[PDB]
Structure formats: structure tokens, C-alpha cells
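Undergrad: This is the structure I have questions about; it appears just below.
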2 protein chains.
Amino acid sequence: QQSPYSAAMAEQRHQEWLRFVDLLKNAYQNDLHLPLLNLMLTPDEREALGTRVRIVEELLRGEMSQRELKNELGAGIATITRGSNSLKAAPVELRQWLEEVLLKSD
Amino acid sequence: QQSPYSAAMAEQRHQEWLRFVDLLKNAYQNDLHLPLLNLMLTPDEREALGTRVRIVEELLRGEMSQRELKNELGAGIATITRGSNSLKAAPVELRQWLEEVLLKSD
Ligand SMILES: Cc1ccc2[nH]cc(C[C@H](N)C(=O)O)c2c1
Ligand SMILES: Cc1ccc2[nH]cc(C[C@H](N)C(=O)O)c2c1
Ligand SMILES: Cc1ccc2[nH]cc(C[C@H](N)C(=O)O)c2c1
Ligand SMILES: Cc1ccc2[nH]cc(C[C@H](N)C(=O)O)c2c1
Ligand SMILES: Cc1ccc2[nH]cc(C[C@H](N)C(=O)O)c2c1
Ligand SMILES: Cc1ccc2[nH]cc(C[C@H](N)C(=O)O)c2c1
Ligand SMILES: Cc1ccc2[nH]cc(C[C@H](N)C(=O)O)c2c1
């Protein structure tokens, strides 16, 4: 098989990913997102995404310490730091939107 | 830490997952789904979801052989069979919706 690092494989994985994104958009529009995501993801993957969202929310809120976050979520420090790095790599427009969504939800 | 198999951890992972699902719904509504998903997933995870969607589409279409599907997607037979099993475990309403979405897209 080909290298996973080739441009060709990058293009293939990029186009297939966007097909998934569009199918999930349509599932949300028809209220089928939950069964689609149970089809397309494993339990561990859904668990990881739940953990990651809580890490994002608590890092942006700034109220909990890393120690408290580790205990509350059962996620190690390395995972929390990867989440902080991932936030910093994301566009400012997304980070600000997330902050605003959280602010209003209080 | 607690067992990953306890009811308590199942409930925690279930509630955190649903928080992710709702945040992603809101991202789609604001056209921020692509940056949110780049934040929340790795490249390999996006690659896997693209591969899985193509497996679903080609299994439902029934036109390609498993051999052809393996070659086209660079996914082994074990992954294709896991996809077939995953389809069969999913609700009929979802499987039929996917078939109908594909039919119309032709
Ligand atoms: C053709 C090729 C050349 C370079 C490569 N770097 C990684 C891989 C994937 C895996 N190691 C394999 O051997 O398939 C690979 C493949
Ligand atoms: C089929 C394919 C496509 C994506 C992949 N991500 C990691 C791998 C394994 C590879 N041997 C490596 O670790 O570089 C790999 C292979
Ligand atoms: C959190 C998450 C989200 C969705 C995912 N799809 C695949 C994976 C990991 C898997 N072992 C792979 O990379 O093929 C994964 C993980
Ligand atoms: C919030 C958070 C917490 C831990 C995480 N582990 C992997 C990811 C995905 C990230 N976009 C990446 O490619 O590493 C991630 C995100
Ligand atoms: C408390 C407890 C009891 C039963 C368990 N089955 C799996 C685990 C997780 C891991 N093996 C660990 O040792 O944390 C675990 C933990
Ligand atoms: C933190 C936590 C929560 C979810 C998990 N899925 C797998 C594991 C590893 C564990 N030792 C096992 O393989 O049963 C694990 C642990
Ligand atoms: C279409 C397809 C192809 C291969 C796959 N590997 C893992 C999954 C997710 C599935 N819901 C599960 O829990 O195994 C999956 C889905």
C-alpha cells in the first residue's frame, strides 16, 4: 500500500472526511445524528469526545486547576495539556465563539 | 481511578458525549463545524471517519466486491466486515435513510 504521508492519501482522506461532515450535517437536520454517530463511532471514541469537550470548557472558563480538572474528569495531565495546546492551535474566532456560548449558558 | 466499566463511568461518559453532540449541533448552525471538528479530533480520527463513511456507502450500494472495496479505500477486510456488522446493529430507520440519501444523490 501507499505511504499514509503522501499527498495522494492526504487528498483522499480530506475528501472522504468532508463527505462524512456533510452526511452528519444532513443527519442533524433530520434528527438522525445520534444513530448516525452510534454507527460511525465506538463507545471509546464517544467517551473521548465527551472528555475533550469538558477539557475545552473548563480550560476556557479558567476556574478549575489542572489538578481539579484531572480529578473531575479522570483525565491525566498530559491529556489536559494536549487540550490546551489544541485550543491554542485553533482559530481565535472558534475560541471566542466557545467562550461566548459558555458565558451565555451560565 | 474507577473501573471504566462501572455504571457511574458509563453515566459520566454518556452525559459528556451528549454535551459534545449539542455543541457540534450549534457549531453546524453557525458554520463553525469544520474548525470545531479540527479542534476536537486528530487527523487519524478524521481519516477513520472518512473511511468508515465510504465503507457504509459502498456496502449499502452493493455494487463493489469486498476485494474492490479494500483496494479502493486501502482498508482491510476486517475493517469492512466490522462496518457491515455495524450497519446491521444500527436501526433500520437509519439504514433506510442512508440508502435513500444515496439513491437520490445519483
Ligand atoms: C509504501 C510506504 C513507504 C513509506 C511508508 N511510511 C509508512 C508507510 C506505511 C507502513 N509502514 C507500510 O509499510 O505500509 C509506508 C509505506
Ligand atoms: C493504512 C494506513 C493509513 C493511515 C495510517 N496511520 C498509521 C498508519 C500505520 C502506518 N504503518 C504508520 O504508523 O505510519 C497508517 C496506515
Ligand atoms: C476519539 C476518536 C474519535 C473517532 C475515532 N475514529 C477512530 C478513532 C481512533 C481509532 N483507533 C483510529 O484512529 O483508527 C477515533 C478516536
Ligand atoms: C481538547 C482536546 C483534548 C485532548 C485531545 N487529544 C486529541 C485531541 C484532538 C486534537 N485536535 C489533536 O489533533 O491533537 C484533543 C483535543
Ligand atoms: C478500580 C478498577 C477495578 C477494575 C478495573 N478494570 C479495569 C480497570 C481500569 C485499569 N485496569 C486500572 O487499573 O485502573 C479497573 C480499575
Ligand atoms: C481512563 C479509562 C477510561 C476508559 C478506558 N478504556 C480503556 C481504558 C484502559 C483500561 N485500563 C482498560 O483497558 O480496561 C480506559 C481507562
Ligand atoms: C462503518 C464502520 C467501519 C469500521 C468501524 N470500526 C469502528 C466502527 C464504529 C462502530 N460503531 C463500532 O462500535 O465498532 C466502525 C464503523
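Each chain of the C-alpha cells is named A, B, ... in the order shown, its residues numbered from 1; ligands are numbered from 1 in display order.
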Pick out the residues no farther than 7 Å from ligand 7, counting only C-alpha atoms and all ligand atoms, and list them as a short mmCIF file (atom, residue, chain, number, x, y, z; two decimals) with N, CA and C atoms, in the first residue's frame.
TA:
data_model
loop_
_atom_site.label_atom_id
_atom_site.label_comp_id
_atom_site.auth_asym_id
_atom_site.auth_seq_id
_atom_site.Cartn_x
_atom_site.Cartn_y
_atom_site.Cartn_z
N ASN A 38 -23.73 6.71 16.56
CA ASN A 38 -23.55 5.39 17.17
C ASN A 38 -23.07 4.39 16.13
N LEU A 39 -23.51 4.53 14.87
CA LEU A 39 -22.97 3.73 13.77
C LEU A 39 -21.50 4.02 13.51
N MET A 40 -21.13 5.31 13.43
CA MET A 40 -19.83 5.71 12.89
C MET A 40 -18.70 5.73 13.92
N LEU A 41 -19.01 5.75 15.22
CA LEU A 41 -18.04 5.82 16.31
C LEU A 41 -18.21 4.65 17.26
N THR A 42 -17.12 4.31 17.98
CA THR A 42 -17.16 3.31 19.04
C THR A 42 -17.50 3.98 20.36
N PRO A 43 -17.82 3.17 21.38
CA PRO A 43 -18.03 3.76 22.71
C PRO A 43 -16.83 4.54 23.21
N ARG B 52 -14.77 5.10 7.11
CA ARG B 52 -15.98 4.43 7.58
C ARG B 52 -17.19 4.86 6.76
N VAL B 53 -17.27 6.14 6.40
CA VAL B 53 -18.45 6.57 5.64
C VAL B 53 -18.44 5.95 4.26
N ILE B 55 -17.04 3.05 3.46
CA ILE B 55 -17.42 1.65 3.67
C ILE B 55 -18.93 1.52 3.76
N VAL B 56 -19.57 2.36 4.57
CA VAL B 56 -21.04 2.32 4.70
C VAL B 56 -21.70 2.50 3.34
N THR B 79 -11.78 -4.51 8.64
CA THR B 79 -12.46 -3.23 8.83
C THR B 79 -13.77 -3.17 8.05
N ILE B 80 -13.77 -3.70 6.83
CA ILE B 80 -15.00 -3.74 6.05
C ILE B 80 -16.05 -4.59 6.75
N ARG B 82 -16.24 -5.24 9.94
CA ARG B 82 -16.72 -4.50 11.11
C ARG B 82 -17.74 -3.46 10.69
N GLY B 83 -17.56 -2.86 9.52
CA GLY B 83 -18.54 -1.90 9.03
C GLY B 83 -19.87 -2.54 8.70
N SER B 84 -19.82 -3.74 8.12
CA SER B 84 -21.04 -4.46 7.79
C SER B 84 -21.80 -4.82 9.06
N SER B 86 -21.51 -3.26 11.90
CA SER B 86 -22.01 -2.03 12.49
C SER B 86 -23.30 -1.57 11.83
N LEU B 87 -23.38 -1.69 10.50
CA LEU B 87 -24.64 -1.39 9.82
C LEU B 87 -25.76 -2.27 10.33
#
Undergrad: List every residue of region 28-86 of chain A that DSSP, applied to the backbone, labels as helix (DSSP H, G or I), and write the result as a PyMOL selection string.
TA: chain A and resi 28-29+33-40+43-61+66-73+77-86
Undergrad: Can you pull out every residue within 12 Å of residue 47 (chain A), counting only C-alpha atoms, but drop anything in the same chain fewer than 5 positions away, and send it as number ranges by chain?
TA: A: 38, 41-42, 52-54, 73-75; B: 4, 9-21
Undergrad: Residues of the last selection are to be written out with N, CA, C and O atoms, as a PDB file, in the first residue's frame.
TA:
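Heads up, here's the output in out_12.pdb:
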ATOM      1  N   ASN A  38     -23.733   6.711  16.561  1.00  0.00           N
ATOM      2  CA  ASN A  38     -23.552   5.395  17.166  1.00  0.00           C
ATOM      3  C   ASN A  38     -23.065   4.389  16.125  1.00  0.00           C
ATOM      4  O   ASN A  38     -22.299   3.471  16.451  1.00  0.00           O
ATOM      5  N   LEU A  41     -19.014   5.748  15.216  1.00  0.00           N
ATOM      6  CA  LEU A  41     -18.037   5.825  16.307  1.00  0.00           C
ATOM      7  C   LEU A  41     -18.209   4.647  17.256  1.00  0.00           C
ATOM      8  O   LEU A  41     -19.280   4.023  17.319  1.00  0.00           O
ATOM      9  N   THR A  42     -17.124   4.310  17.977  1.00  0.00           N
ATOM     10  CA  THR A  42     -17.160   3.310  19.037  1.00  0.00           C
ATOM     11  C   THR A  42     -17.503   3.977  20.358  1.00  0.00           C
ATOM     12  O   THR A  42     -17.412   5.209  20.509  1.00  0.00           O
ATOM     13  N   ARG A  52     -12.955  15.412  25.959  1.00  0.00           N
ATOM     14  CA  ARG A  52     -12.311  16.540  25.300  1.00  0.00           C
ATOM     15  C   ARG A  52     -13.175  17.788  25.391  1.00  0.00           C
ATOM     16  O   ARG A  52     -12.654  18.892  25.585  1.00  0.00           O
ATOM     17  N   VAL A  53     -14.496  17.649  25.268  1.00  0.00           N
ATOM     18  CA  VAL A  53     -15.323  18.850  25.326  1.00  0.00           C
ATOM     19  C   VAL A  53     -15.295  19.447  26.724  1.00  0.00           C
ATOM     20  O   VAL A  53     -15.263  20.672  26.889  1.00  0.00           O
ATOM     21  N   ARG A  54     -15.296  18.601  27.748  1.00  0.00           N
ATOM     22  CA  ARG A  54     -15.225  19.102  29.118  1.00  0.00           C
ATOM     23  C   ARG A  54     -13.880  19.764  29.387  1.00  0.00           C
ATOM     24  O   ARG A  54     -13.821  20.789  30.069  1.00  0.00           O
ATOM     25  N   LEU A  73     -12.552  14.779  35.815  1.00  0.00           N
ATOM     26  CA  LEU A  73     -12.747  14.132  34.527  1.00  0.00           C
ATOM     27  C   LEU A  73     -12.079  12.771  34.441  1.00  0.00           C
ATOM     28  O   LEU A  73     -12.385  12.007  33.516  1.00  0.00           O
ATOM     29  N   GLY A  74     -11.193  12.442  35.377  1.00  0.00           N
ATOM     30  CA  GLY A  74     -10.425  11.215  35.257  1.00  0.00           C
ATOM     31  C   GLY A  74      -9.507  11.214  34.056  1.00  0.00           C
ATOM     32  O   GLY A  74      -9.242  10.152  33.482  1.00  0.00           O
ATOM     33  N   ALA A  75      -9.030  12.389  33.651  1.00  0.00           N
ATOM     34  CA  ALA A  75      -8.111  12.545  32.536  1.00  0.00           C
ATOM     35  C   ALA A  75      -6.770  13.028  33.066  1.00  0.00           C
ATOM     36  O   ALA A  75      -6.713  13.942  33.891  1.00  0.00           O
TER      37      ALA A  75
ATOM     38  N   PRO B   4     -13.464   1.609  34.255  1.00  0.00           N
ATOM     39  CA  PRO B   4     -14.168   2.125  33.080  1.00  0.00           C
ATOM     40  C   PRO B   4     -15.507   1.443  32.820  1.00  0.00           C
ATOM     41  O   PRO B   4     -16.293   1.958  32.016  1.00  0.00           O
ATOM     42  N   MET B   9     -19.226   5.500  35.607  1.00  0.00           N
ATOM     43  CA  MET B   9     -18.430   5.971  34.482  1.00  0.00           C
ATOM     44  C   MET B   9     -19.230   5.933  33.186  1.00  0.00           C
ATOM     45  O   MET B   9     -19.062   6.810  32.331  1.00  0.00           O
ATOM     46  N   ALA B  10     -20.128   4.961  33.033  1.00  0.00           N
ATOM     47  CA  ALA B  10     -20.991   4.968  31.857  1.00  0.00           C
ATOM     48  C   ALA B  10     -21.871   6.214  31.834  1.00  0.00           C
ATOM     49  O   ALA B  10     -22.050   6.836  30.778  1.00  0.00           O
ATOM     50  N   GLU B  11     -22.437   6.581  32.982  1.00  0.00           N
ATOM     51  CA  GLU B  11     -23.304   7.741  33.035  1.00  0.00           C
ATOM     52  C   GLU B  11     -22.503   9.002  32.752  1.00  0.00           C
ATOM     53  O   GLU B  11     -22.950   9.883  32.008  1.00  0.00           O
ATOM     54  N   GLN B  12     -21.303   9.094  33.326  1.00  0.00           N
ATOM     55  CA  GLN B  12     -20.471  10.273  33.081  1.00  0.00           C
ATOM     56  C   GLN B  12     -20.120  10.371  31.604  1.00  0.00           C
ATOM     57  O   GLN B  12     -20.279  11.427  30.984  1.00  0.00           O
ATOM     58  N   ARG B  13     -19.672   9.277  31.004  1.00  0.00           N
ATOM     59  CA  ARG B  13     -19.316   9.346  29.588  1.00  0.00           C
ATOM     60  C   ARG B  13     -20.540   9.597  28.719  1.00  0.00           C
ATOM     61  O   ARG B  13     -20.449  10.308  27.714  1.00  0.00           O
ATOM     62  N   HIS B  14     -21.705   9.082  29.104  1.00  0.00           N
ATOM     63  CA  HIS B  14     -22.904   9.343  28.304  1.00  0.00           C
ATOM     64  C   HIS B  14     -23.290  10.830  28.345  1.00  0.00           C
ATOM     65  O   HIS B  14     -23.565  11.441  27.301  1.00  0.00           O
ATOM     66  N   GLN B  15     -23.283  11.447  29.535  1.00  0.00           N
ATOM     67  CA  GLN B  15     -23.684  12.848  29.642  1.00  0.00           C
ATOM     68  C   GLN B  15     -22.678  13.768  28.960  1.00  0.00           C
ATOM     69  O   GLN B  15     -23.068  14.736  28.299  1.00  0.00           O
ATOM     70  N   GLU B  16     -21.380  13.459  29.072  1.00  0.00           N
ATOM     71  CA  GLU B  16     -20.367  14.280  28.413  1.00  0.00           C
ATOM     72  C   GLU B  16     -20.466  14.164  26.902  1.00  0.00           C
ATOM     73  O   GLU B  16     -20.315  15.161  26.185  1.00  0.00           O
ATOM     74  N   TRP B  17     -20.731  12.953  26.410  1.00  0.00           N
ATOM     75  CA  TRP B  17     -20.949  12.747  24.980  1.00  0.00           C
ATOM     76  C   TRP B  17     -22.092  13.616  24.462  1.00  0.00           C
ATOM     77  O   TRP B  17     -21.955  14.288  23.429  1.00  0.00           O
ATOM     78  N   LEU B  18     -23.220  13.649  25.182  1.00  0.00           N
ATOM     79  CA  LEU B  18     -24.351  14.432  24.721  1.00  0.00           C
ATOM     80  C   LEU B  18     -24.039  15.919  24.717  1.00  0.00           C
ATOM     81  O   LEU B  18     -24.542  16.655  23.858  1.00  0.00           O
ATOM     82  N   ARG B  19     -23.211  16.380  25.660  1.00  0.00           N
ATOM     83  CA  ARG B  19     -22.745  17.762  25.607  1.00  0.00           C
ATOM     84  C   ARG B  19     -21.958  18.028  24.331  1.00  0.00           C
ATOM     85  O   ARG B  19     -22.108  19.087  23.711  1.00  0.00           O
ATOM     86  N   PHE B  20     -21.081  17.108  23.943  1.00  0.00           N
ATOM     87  CA  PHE B  20     -20.388  17.254  22.669  1.00  0.00           C
ATOM     88  C   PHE B  20     -21.381  17.315  21.510  1.00  0.00           C
ATOM     89  O   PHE B  20     -21.278  18.178  20.623  1.00  0.00           O
ATOM     90  N   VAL B  21     -22.357  16.400  21.497  1.00  0.00           N
ATOM     91  CA  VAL B  21     -23.319  16.357  20.395  1.00  0.00           C
ATOM     92  C   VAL B  21     -24.040  17.687  20.260  1.00  0.00           C
ATOM     93  O   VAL B  21     -24.269  18.174  19.147  1.00  0.00           O
TER      94      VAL B  21
END
Undergrad: So how far away is CA of residue 2 (chain B) from atom 13 (O, counted along the ligand's line) of ligand 5, in Å?
TA: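 Separation of atom 13 (O, counted along the ligand's line) of ligand 5 and CA of residue 2 (chain B): 7.9 Å.
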Undergrad: Could you check how far atom 6 (N, counted along the ligand's line) of ligand 1 sits from CA of residue 3 (chain A), in Å to one decimal?
TA: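 So the answer is 4.8 Å.
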Undergrad: Please return as a count of residues only the residues found within 6 Å of ligand 3, counting only C-alpha atoms and all ligand atoms.
TA: 8
Undergrad: Tell me, as a list in words, which residues lie within 12 Å of residue 100 (chain B), counting only C-alpha atoms; anything in the same chain fewer than 6 positions away does not count.
TA: residues 57, 60, 61, 93, 94 and 106 of chain B
Undergrad: Identify which of the residues A:103, A:22, A:5, A:36 lies closest to chain B, counting only C-alpha atoms when measuring atom-to-atom distances.
TA: A:36
Undergrad: Go ahead and compute the interatomic distance for CA of residue 98 (chain B) and CA of residue 58 (chain B), in Å to one decimal.
TA: 11.1 Å
